[PDB]
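Numbering (the authors' numbering), first residue to last: -1 to 63.
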């Protein structure tokens, strides 16, 4: 199911909220910058948010698997 961008950020919050992951670890595993993840979740990142969403999906897929 090609979840909406809203679902992607809605999952990342749950993981950091319960210490299941960190901004640093997500950044390292996704190959993105720490600041990007926070801004993407904050729905304040200015740039190709779709590029970021697609990268984060792959990360969430391996996490939840």
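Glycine included, C-beta positions come from ideal geometry on N, C-alpha and C.
Assigned with DSSP and collapsed to three states, residue 18 falls in coil, not helix or strand. Taking a C-beta distance under 8 Å as the contact criterion, residue 38 and residue 7 qualify as a contact pair.
Between residue 3 and residue 51 a beta carbon distance of about 5 Å is seen, short of the 8 Å cut, so the two are scored as contacting. Note on geometry: alpha-carbon atoms of residue 17 and residue 33 lie some 18 Å from one another.
When DSSP states are grouped into helix, strand and coil, residue 61 belongs to the helix group. The continuous alpha helix (DSSP H) containing residue 36 extends over residues 32 to 39.
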